[PDB]
Number of protein chains: 2
Amino acid sequence: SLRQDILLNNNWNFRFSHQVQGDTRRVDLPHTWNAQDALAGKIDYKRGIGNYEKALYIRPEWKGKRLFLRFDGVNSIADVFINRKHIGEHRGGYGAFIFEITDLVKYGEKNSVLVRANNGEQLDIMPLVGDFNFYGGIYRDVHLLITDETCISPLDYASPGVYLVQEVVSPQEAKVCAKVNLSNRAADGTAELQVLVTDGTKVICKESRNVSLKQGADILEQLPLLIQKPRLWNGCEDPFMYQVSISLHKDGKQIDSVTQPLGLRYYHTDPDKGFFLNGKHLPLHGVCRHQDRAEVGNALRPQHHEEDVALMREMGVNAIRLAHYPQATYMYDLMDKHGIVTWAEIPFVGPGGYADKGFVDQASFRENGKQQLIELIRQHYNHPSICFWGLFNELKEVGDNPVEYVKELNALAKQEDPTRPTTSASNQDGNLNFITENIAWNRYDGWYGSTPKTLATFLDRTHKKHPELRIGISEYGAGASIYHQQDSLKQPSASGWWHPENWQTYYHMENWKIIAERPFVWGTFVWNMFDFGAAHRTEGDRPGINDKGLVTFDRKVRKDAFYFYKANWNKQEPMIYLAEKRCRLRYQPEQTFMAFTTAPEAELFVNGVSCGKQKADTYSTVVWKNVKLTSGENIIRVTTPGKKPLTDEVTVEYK
Amino acid sequence: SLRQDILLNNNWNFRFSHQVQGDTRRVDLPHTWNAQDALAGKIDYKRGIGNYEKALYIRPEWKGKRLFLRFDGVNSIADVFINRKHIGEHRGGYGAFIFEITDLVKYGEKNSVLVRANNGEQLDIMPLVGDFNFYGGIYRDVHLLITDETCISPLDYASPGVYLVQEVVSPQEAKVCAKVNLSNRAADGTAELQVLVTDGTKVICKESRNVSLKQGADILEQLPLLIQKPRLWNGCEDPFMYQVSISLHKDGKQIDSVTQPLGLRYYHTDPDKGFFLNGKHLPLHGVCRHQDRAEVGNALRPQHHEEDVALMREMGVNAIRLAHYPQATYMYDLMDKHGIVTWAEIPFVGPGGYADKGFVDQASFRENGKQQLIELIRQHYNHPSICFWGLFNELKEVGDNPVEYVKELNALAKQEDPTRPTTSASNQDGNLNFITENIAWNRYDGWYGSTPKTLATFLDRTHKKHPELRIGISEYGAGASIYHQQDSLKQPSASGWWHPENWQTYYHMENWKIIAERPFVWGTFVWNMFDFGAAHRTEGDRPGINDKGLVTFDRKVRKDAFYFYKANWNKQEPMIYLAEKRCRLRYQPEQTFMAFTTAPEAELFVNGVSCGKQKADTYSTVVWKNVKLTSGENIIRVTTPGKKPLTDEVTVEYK
Ligand SMILES: O=C(O)[C@H]1CNC[C@@H](O)[C@@H]1O
Ligand SMILES: O=C(O)[C@H]1CNC[C@@H](O)[C@@H]1O
């Protein structure tokens, strides 16, 4: 009677097609075959076909039901076979996809499921280029879905089949259109469709409709909902969601059901005053996050998403840009749950300072880009956290000019979802910046040359020249190795093998001050919350890594800048953090010590003797200058005021 | 006036000799060139020559002083050049070495220091084989040492030049012979040698001697010390050490000085009753630890040693086998500090289940083995934590038979240091087991076949047949991936790609029970405290890794077995830990839950409803059987008794 969702992750037989003999090894999903070679900095890591095969017992009692194989993600092309007969293809590495196998299997026996995954280079599947790894394989879950022959359809771009369209939302009332896809393979007849909105045990809406479904029908039903005096999803202040059950009934029996969240809110972006959520100004304190991790590549487990979100909330993050592609359903779920305003985007990624192009002007590429956009929007439609749809990152006009195609994507986004604005992330001047509703730039003033001050100049000049633009900062950052430490502050070469941590700290303190004074900037996103994989990189403390994270690739170590942001953004958790603790060897005659704290002041101790109190500045920073160390070991301690104080401590050597 | 010790770790120019053009890149020590390729499971990772060059300013005011380059470790051959002229060679990857450069430099200018490091295969430098990576390069610190022309010699196998020989130790008195190497390059004359033993500010011994030193003299002075009613170094109970200052004086001026610890104790090993420290029985709750780590290979920083020791102490470790080679001075220092009884060993490593040999019977190999043993003993002589010198690991008699050579090494160890017993780690029957004073075996009953019970049978039969042997277990362990989880307990294939965590947990619980009942076993050492690198491995959740750690390779995650040992070994820190939390998906009709706790009992809750209390067994384990889950999410909580209880919690899905 109930819909079943069966995980098919364990024990698949794997081999590369370049291994011609046919023998296989066991693997377990999520899986990528690029977790060792790409992460070792091998620039020509394996990009081609890997094959997964599993024997699936089709239970006799599933006869009469409908059966679907749903894939959460396979990078980048998947060809699926049942009993070695081809059933379909998916092109795109980040969107879910589904095939019905109801009439393709033999009931009561083992059937072969074969997936031939290809992450070889293509010129007709975005992303074509990018500063990250194109990890190959079935790197998200695989499900066997089992439903009634009359069901809420899972066949609409592999979405849940329900779109809760937020037409009008205010504190007085919300009008929602529940769009429901129905799929019928039963004999001609009827069913009753019910849409139930609840808050815990309390019933908020219950709307019903009798529907006549022809054999073979695949149709869209639209049920209007009205909620009086709604409780709004209000970011981290109150991430409230209703639950919606959508169900089908025949003769007073429920025969199918799906649940989706309903987090109601309204928003706008003001060119002069920034982002407003539910009628109130909201600074977007944002970071970016790639979907990979040390040692496992992009084969992330649920605890990895959970941990990433825990670290961001610890830091006081209230906004995120999930670059550079559609990410996991579970990850958008955590954004919903924790109230994090989210920018979600398609992988329409340009070259940046590197070679080749993000756009190749041929129908196959362009049609496939539209498919990946429709996938993004339909598959992730109901997540309240998503407040912006991103259409590109660092495209450029030279050669194949993407401006007209990006206009087509913008119009398609607005058609698919008029309830959210489009955005984009640019490193260019010119017409590419004037298509999406909001615009943002990737700025590295003070890292890739210049000084942080030119970010202030760029922001002010652009805002004055183009007062209609809603200006954001879609990336800003600096590299750091936790193993590169020096007593003095000196700007390093960005592309070199020396990325002292103190420069990243300096960079973020200076850039944050510029942002904090400019409320017309509707959101800013640190590049990046975590170090991440990019095989071609040859910089910092090891190849193959982009080290602009606030936290290391294995999520183990928070860099000093993490705590600068935590003090400023997470003000209600008491803390004190001494900066430059990893710089154990000191040689400067005049030592400077610096702490980040939520307290109004702090006290410094050197070798157990107080150096006195210093006040925190407006950026939660306390600084002591001309501190005198003695030759050899020195114990440095900082303490907040109060009867029960907080402390941080380190032993440094002075010579 | 003072001895100077200057770190030369930053900014060296590096290239491989296979890169013939001559251009270089910046590197910073500690460094290995095998941190990416070997750790990616590349079995033919780079083994050959890497070159490091640094310009060193020789200060005019160093003229008249003596200058030394001291290397803490270079794997495996180092050729050192000053202004591109060869000054010496070291063969051996784990012992320190030193060259005087006093008369080789130009004062008042930059001098070139060039180190040509080679980790290419050799048949004349142990280890010849082994289940670990032979990471190449200058992977420990480099120092410039500056002393008076008359000094406590740093030239005796690069040791501190002072051996505090523990002749007789008891609670009534300790007799120590302070052996001091003196090196003179001043004009013929005299100096006063002082040996000062202190406890904080309190003076315990002060012995002095006037010495006549010819020009060019390199001599040994021996000063007897007598300490009445000493405070003994007593393991974790009281890791007390005196400090010894050894100084040279001319005309009432101190001209040189070195400090060494003096941790006084006595011990013996009883064939029937196990290890006795300072006259009292002491169970050795041991683990093993390799000197590498995720992402950095063996280029460990001080915080890495510190963290490894923190994790071991957290687990209640009181003994360690620092396999399979001499490890860092700083690491033995931490063992001294924290009271951990230590087995230190030379890299005389045999093949185990793999090919080739640990012993090649040729003079060059054998003489070099003796050098590495003398290095080990002289360089690490004064560490109280070291209570055993290990001479080999898994050698075998077939082909080149090492028995007679190992007897030579045993006699050499006893000559170099009669104050500690020799030991060895065997996987063989026969004559190899009857050479060293203590013997131990590497046992994998229940992992590499058989069942844990045959360990009990082996231990009892050996002990009965050979009542004179002091029997230990130098390794025991099982593999586990934290990403391999299954609801049921089933023994996996050791060499396969599936290492469910629950089997490692089962293995350690069963083996520990066998050990705990057998006090004639003087020490046991878990293989291994941490997952570690072994490029040739193809098992568990990724290639290139030996996953028998209780803690993951990046030191981030403690496996369930870590907490079993912590509950049993660290009884005075209150804790409760629910096992199998990583096994999120449950399907067994009858669920079993298991907790490790220091409490006498604990209570289980399922979906907020108590299932009742259960008593902890003698191994700190609480178990609830036939627990009923409901379909879908279940919240599982366990709690200790008391007004302020401890808790552990997890959400599992049942289907
Ligand atoms: O250079 C960087 O670190 C960033 C530049 N903008 C685009 C990002 O993908 C890239 O990673
Ligand atoms: O097989 C194992 O895991 C161990 C067997 N004994 C020797 C170790 O070096 C090795 O790692």
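If you go along the chain as it appears here, the first residue is 1 and each next one adds 1.
This deposition comes from X-ray crystallography, 1.9 Å.
Heads up, the Cβ atoms here are built off N, Cα and C, so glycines get one too.
In Swiss-Prot this protein carries:
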ACT_SITE  B:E394  active site, proton donor
BINDING   B:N393, B:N442, B:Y448, B:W527, B:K548  D-glucuronate binding site
Exercise for the section: Please go through the binding-site residues B:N442, B:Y448, B:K548 one by one and keep those whose C-beta falls under 6 A from any atom of ligand 2; give the result in sequence order. Expected result: B:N442, B:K548
Completion exercise
If you count the other CB atoms within 10 A of the CB of B:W527 (D-glucuronate binding site), including all protein chains displayed, you should get 27
Handout entry: Number of Cβ atoms other than its own within 10 Å, given for B:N442 (D-glucuronate binding site)
Key = 20
Problem - DSSP three-state assignment for B:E394 (active site, proton donor) - result: coil
Exercise for the section: Give the distance between the Cα atoms of B:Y448 (D-glucuronate binding site) and B:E394 (active site, proton donor), rounded to the nearest whole Å. Expected result: 16
